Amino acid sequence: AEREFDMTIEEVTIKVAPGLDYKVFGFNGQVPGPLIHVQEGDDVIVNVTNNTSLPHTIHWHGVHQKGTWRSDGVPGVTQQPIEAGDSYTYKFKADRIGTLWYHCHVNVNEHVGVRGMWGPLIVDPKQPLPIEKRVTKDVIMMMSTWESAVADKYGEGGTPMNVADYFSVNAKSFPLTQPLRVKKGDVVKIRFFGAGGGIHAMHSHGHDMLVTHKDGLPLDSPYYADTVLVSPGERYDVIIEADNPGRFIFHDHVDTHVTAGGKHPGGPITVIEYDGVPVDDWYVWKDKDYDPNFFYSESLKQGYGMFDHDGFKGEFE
């Protein structure tokens, strides 16, 4: 099918952690950017308008651009950048399946490293693995890092000389993340993305993960893990069988990443919360103001298209 989307690039501020507000260049004014969910073989058209003060592009990571290399989104290689206030149209066929993503390719150390210019691109295979057909919940986890010294000033950041002192999944640091709520018998697909500049050792308590896909393509030899290392650019898809009711934390195991501004706890932490488990008065997330779409799991059920999410939206000046 032909699927055409209109996207903008916006200057907004997001709250990453308690007391860390961050200036970002959010696709449609949000970080992570909108989910794009299409089927293998679709013809995708994305019309991009740059409503920011700086040039950008969009590169479609994992899209082969078969005969469409001029839509690869690389400044000085496949296009000139999209200048401030201008527009540009990308066209490609989604012939590469799986968990893909998209991100700016201008000034990437800063724009991708700390300005939130990235989002997920999910291409459904026409022939999914049998296990993918058992899945009852699909979960996107995009990990990145943040340098508080440059929170308030575009044009700086993302170098070896900066200090990454805050860490997130889907642009929030615990306790501002949200739980992953399941019930016994769920079959959970988790898609990990190395969206920023860090390495993240994602560990699920209470469960092993079956690693089924690397960079969106299915492994001939899937393997179990309780800790999956995710580095910049990579994606891993795993399956968790939710057959062990409890409250089981699920987090980056890199010790300095479970901090926020030098304080603990913080960072890319969630909890696999099973519906049937009674809640204790001392539970950190008792009475959480819950967002069921923090991992895009509701949008992923709503058919093909492009989906914004207000839990990811920042504030305009």
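Counting begins at 1, following the sequence as shown.
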### Query
Looking at the deposited entry, does 27-35 or 278-286 carry the larger mean Cα B-factor?
278-286
### Task
Decide which of the stretches 90-98 and 183-191 has the higher mean C-alpha B-factor, going by the entry.
90-98
#### Entry: Candidate residues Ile131, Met202, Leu219, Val114, the one whose C-alpha B factor the record puts highest
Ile131
### Summary
Per the deposited B-factor column, the C-alpha that peaks among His257, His264, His251, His59 belongs to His264
### Query
Where does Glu156 sit by CA temperature factor within its chain: lowest, middle or highest third?
highest
### Summary
Chain thirds by Cα B factor, record data; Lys126 belongs to the highest
### Task
Give the position of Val63 by CA B-factor within its chain, expressed as the lowest, middle or highest third.
middle
### Query
What third of its chain's C-alpha B-factors does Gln302 belong to: lowest, middle or highest?
highest
### Query
Which third of the chain does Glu83 land in by C-alpha B-factor: lowest, middle or highest?
highest
